[PDB]
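Only one chain comes next, encoded as structure tokens, the form deposited in one PDB entry.
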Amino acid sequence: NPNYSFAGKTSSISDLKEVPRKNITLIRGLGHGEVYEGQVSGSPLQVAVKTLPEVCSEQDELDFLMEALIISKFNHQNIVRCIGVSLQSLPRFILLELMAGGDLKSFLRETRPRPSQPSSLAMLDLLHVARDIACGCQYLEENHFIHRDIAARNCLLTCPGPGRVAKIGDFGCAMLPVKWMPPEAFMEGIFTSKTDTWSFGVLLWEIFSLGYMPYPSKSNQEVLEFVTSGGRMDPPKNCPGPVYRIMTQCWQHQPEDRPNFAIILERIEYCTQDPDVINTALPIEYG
């Protein structure tokens, strides 16, 4: 049994809300450990269930246990909740807030304006997603937790239609997310909250490009050398200046020159107030 500390409080496996296996039902798959839609009884509470393969290393179990603790201590509306766990039956379950809208990247890619739906997304939708994730990032900075993989693929959406809310919902050399990392993270291997400020800038790019891979025509090592020598991505198609300027400020070479999330939020709001920003048309992808 390992312990875990966060916001000054310590907790162990035994502090997790163990839900009885008999109160949990799986309805269908979602993704590939492996995750299911399901529901919990007292009308049923609708949940996502992440499972632990019964064939797994002793390290995998420990990581699963630890992950359960880590998620359970977060208390913020823009971070996917832990409903509880079912550890005492096999296979073991972690129970999470069901996010009906899926991951942000996939969502963006399928909702890119086209001739059939020319005004499916507006700038304000993108600024609200940006805002939601920054607010979560601000929670993590306040509480001294460094995510290390703030990317579109690791953010989830409550629903697809309007009123959607986005939330940090996943943890995420060849596996390292090089395109989301600042210079000082390959160089010295050091991490601070200004790490996440950088990755957020990249997230911004992803949001305003409507789901493109960052640094389009570039491999990991190419991006490393490019970024290390002070090179940066261009503005995504139709991207307003004020929004791009937030990205370039997130990508300052000097950690100390990057804004904290309070300042990021302030600047995402200003953007949200500017009519030249919010009246800009998103590009239509030609189908």
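Whichever C-alpha set is largest while still superposing within 1.5 Å between the two forms counts as the rigid core. Position 1 is the first residue in the sequence shown; the rest follow in order.
One more form of this protein exists, namely the form deposited in another entry; it is left out here, but the text below deals with it.
Requested in this report: Return yes or no for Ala281: a CA shift of at least 2 Å between this form and the one not shown, with the rigid core superposed?
Outcome: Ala281 C-alpha, core-superposed: shift of less than 2 Å.
**Report entry** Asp15 C-alpha moves between this form and the one not shown by 2 Å or more, core aligned
**Finding:** It does shift by 2 Å or more.
Query raised in the report: Taking the shown form as reference, are the C-alpha positions of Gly8 and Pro259 brought closer or pushed farther apart in the other entry, with a change of 3 Å or more?
Result: It is farther: the C-alpha separation of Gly8 and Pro259 rises by at least 3 Å in the other entry.
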